[PDB]
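In: make a model of this:
(6 chains)
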Amino acid sequence: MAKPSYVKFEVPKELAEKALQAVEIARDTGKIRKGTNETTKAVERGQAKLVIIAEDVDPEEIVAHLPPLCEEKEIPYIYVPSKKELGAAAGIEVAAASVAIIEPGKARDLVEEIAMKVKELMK
Amino acid sequence: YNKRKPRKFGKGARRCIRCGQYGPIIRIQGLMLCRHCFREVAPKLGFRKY
Amino acid sequence: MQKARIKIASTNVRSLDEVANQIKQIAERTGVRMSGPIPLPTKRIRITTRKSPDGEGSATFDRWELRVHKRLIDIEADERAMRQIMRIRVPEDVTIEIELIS
Amino acid sequence: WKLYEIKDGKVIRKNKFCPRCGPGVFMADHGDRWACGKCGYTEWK
Amino acid sequence: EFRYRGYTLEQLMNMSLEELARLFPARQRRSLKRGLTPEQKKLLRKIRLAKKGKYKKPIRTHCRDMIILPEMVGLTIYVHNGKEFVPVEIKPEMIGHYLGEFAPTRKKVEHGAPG
RNA sequence: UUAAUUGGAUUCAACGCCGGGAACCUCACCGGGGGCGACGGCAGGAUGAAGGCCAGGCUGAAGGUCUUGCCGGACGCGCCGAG
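Out: Numbers count the residues shown, from 1 in each chain, chains lettered A, B, ... in the order given. Find the structure here:
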């Protein structure tokens, strides 16, 4: 299983789990924008503090624009091995292709860590 | 589109307070009551027969 | 000299008489000239309506009435005298309106 | 999201931003005009 | 030739709306002074675009109250009588009259055997 | 008679009666147009509106309808029970 073309770094299992946990915590006690349209809208608006992107998305054009945009706007972005897991972390039955944390809520320490652990990935 | 047009005048303008009928409404000093509705509440209002 | 004019309007006759008597009894206790209660005309609201809810049968009419009575009490200027009138217990059906004429 | 192309690390966008309500509003590229369908605003090309 | 208050149809053409209405009776002139309805104004836009050729649709209408002016002359318009749009063609002689006058809505009543 | 003149009322006790005022409204008639149908289940969802929107055509007109494409940033097509 070759990684999708938009992939720029390999996320460890623990780091993906922490990203999903931050998504859950930001849903509960913060704000997460669900769906890639609102993800791009917030990242363009600059209100996103982290971007979680699925890896098993069959049409890669949905998430082909998220890595370079995120590197353009200096908003850290992280990957998760499944969009079903991202929908579960976001509390929506449909598979959440991507999630944009606006208010980390009680995930701040995680996101601040995750971003740092994202900041070592492209290095 | 579903909003009734605003009628200040005409039979449609005034509706009975109690039963809402668009027909006979008594407006002597601000009742807004259907003529049927008046008979059952006149004693409550203090009206007496003489 | 300054005069205080009190209009007392009510459907109930006896409540009107009670309030007027209360003001009167306050008057000579306070020792201030108090012109006697003048009973103005009693206004008679009359409403005539057909009895029949439907249209069938003989045409019959019912005439309902309100008689609202009104008395005028003029009193002279003494702050003690006009202080003792907000303390009056006033029944619900009686309405008092007090103005001040030079 | 299909209205966001990206080339050489910068995002090109297939339509204009409507100035009346700031970003987040794509609006019609009719060829002859930049027509905004949030309120009917139209800037003819 | 056709004359209206001592003026011809083409003479009527060049008169301003106020002077034109001054030839109308009190009812129509005062209706005009009070202002046409917005729907009447939309119909006026329609008929004026038709007279310039841009508006090629067979022109209908509901505004029975639209008072005929000299500018409607020579055009076919279909007024709603309540069930369908009866057609009328505007000759010069309808200047000073309402559309609803020429849009029949009640059928002819004739008399048969009593019940 | 009418597409329609909405219905009730039949002597005493139906016929300036319900209608106690019909240009709209009243309105229940007729013609035409437009929007729905609470709340549950089946299915969908958000991948984005269900609602509005320029330029038009239809449409009396009404982004109602469609060409066109936006929003709108949020869950509501269709069938069944039931409203």
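In: and the helices in chain A?
Out: A:13-29, A:36-45, A:66-73, A:83-90, A:108-119 (DSSP state H).
In: who does the second one touch, helix- and strand-wise?
Out: In this case it means helix A:36-45. strand A:31-34, helix A:66-73, strand A:98-103 (3 or more CB pairs under 8 Å, 6 or more residues apart in numbering or on different chains; DSSP states H and E). Where C-beta positions appear, they are placed from N, C-alpha and C, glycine not excepted.
In: what of the first one?
Out: Under the contact criterion of 3+ CB pairs under 8 Å, 6+ apart, helix A:13-29 touches strand A:50-54, strand A:77-80, helix A:83-90, strand A:98-103, helix A:108-119.
In: turn the helices of chain A into CSV, including mean neighbour count.
Out: Converted to CSV, the helices of chain A look like this (neighbours: other CB atoms under 10 Å in any protein chain shown):
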stretch, mean neighbour count
helix A:13-29, 19
helix A:36-45, 21
helix A:66-73, 19
helix A:83-90, 21
helix A:108-119, 17
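In: skip the chain neighbours and tell me the closest residue to residue E:33.
Out: Excluding its sequence neighbours, the residue lying closest to residue E:33 (CB to CB, 6 or more residues apart in numbering or on different chains) is residue E:21, at 6.9 Å.
In: cool, residue E:82 as well?
Out: In space, and not counting its chain neighbours, residue E:82 is closest to residue E:105: 5.0 Å by CB to CB, 6+ apart.
In: contacting residues for the closest residue to chain D within chain B?
Out: Scanning chain B for proximity to chain D using CB to the nearest CB identifies residue B:1 as nearest, at 18.7 Å. For residue B:1, the contact set (CB atoms under 8 Å, 6 or more residues apart in numbering or on different chains) is empty.
In: hang on, isn't residue A:9 packed against residue A:117?
Out: No: using CB atoms under 8 Å, residue A:9 is not in contact with residue A:117; the gap is 10.6 Å.
In: what's the burial count for the nearest residue to residue A:119 once chain neighbours are set aside?
Out: Counting by CB to CB, 6+ apart, residue A:76 is the residue found nearest to residue A:119 once chain neighbours are left out, at 6.7 Å. Neighbours of residue A:76 under the rule other CB atoms under 10 Å in any protein chain shown: 21.
In: okay, and the residue nearest to residue E:33 sits in which element?
Out: Following DSSP states H and E, one finds residue E:21 within helix E:17-23.
In: report the buried residues of that helix.
Out: Of all the residues in helix E:17-23, those buried under the rule 16 or more other CB atoms under 10 Å in any protein chain shown are E:20, E:21, E:23.
In: so where do the helices sit in chain E?
Out: Secondary structure of chain E, counting by DSSP H: helices at E:9-14, E:17-23, E:26-33, E:38-51.
In: what's the second one packed up against?
Out: Read that as helix E:17-23. The contact analysis (3+ CB pairs under 8 Å, 6+ apart) places helix E:17-23 against helix E:26-33.
In: could I have the helix it packs on exported to PDB, CA atoms only?
Out: In PDB, the C-alpha atoms belonging to helix E:26-33 read as follows (Å, rounded to 0.1, in the frame of the first residue of the first chain):
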ATOM      1  CA  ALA E  26     -61.000  63.000 -13.000                       C
ATOM      2  CA  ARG E  27     -61.000  59.300 -12.200                       C
ATOM      3  CA  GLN E  28     -58.200  58.300 -14.500                       C
ATOM      4  CA  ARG E  29     -56.100  61.500 -14.000                       C
ATOM      5  CA  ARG E  30     -56.300  61.200 -10.200                       C
ATOM      6  CA  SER E  31     -55.500  57.500 -10.400                       C
ATOM      7  CA  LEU E  32     -52.400  58.400 -12.400                       C
ATOM      8  CA  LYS E  33     -51.500  61.200 -10.000                       C
END
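In: for the longest strand anywhere in chain C, list every residue counted as buried.
Out: The strand spanning the most residues in chain C, taking DSSP state E as the definition, is strand C:61-76. Within strand C:61-76, the residues that count as buried by 16+ other CB under 10 Å are C:64, C:66, C:68, C:69, C:70, C:71, C:73, C:75, C:76.
In: sort out which one of these lies nearest chain B for me.
Out: Closest to chain B out of the buried residues of strand C:61-76 is residue C:64 (3.9 Å), distances taken as CB to the nearest CB.
In: residues contacting the nearest residue to that closest one once chain neighbours are set aside?
Out: Of all residues not flanking residue C:64 in the chain, residue B:47 sits nearest, at 3.9 Å (CB to CB, 6+ apart). Applying CB under 8 Å, 6+ apart to residue B:47 gives the contacts C:47, C:64, C:65, C:66.
In: neighbours of the residue in chain C that RNA strand F sits nearest to, just the number please.
Out: Using CB to the nearest atom of the strand, the closest approach of chain C to RNA strand F is made by residue C:55 at 2.1 Å. Neighbour count for residue C:55, taken as other CB under 10 Å: 7.
In: ok, the residue in chain A that chain B sits nearest to - contacts?
Out: Going by CB to the nearest CB, chain B is nearest to residue A:37 of chain A, at 30.7 Å. For residue A:37, the contact set (CB under 8 Å, 6+ apart) comprises residue D:1.
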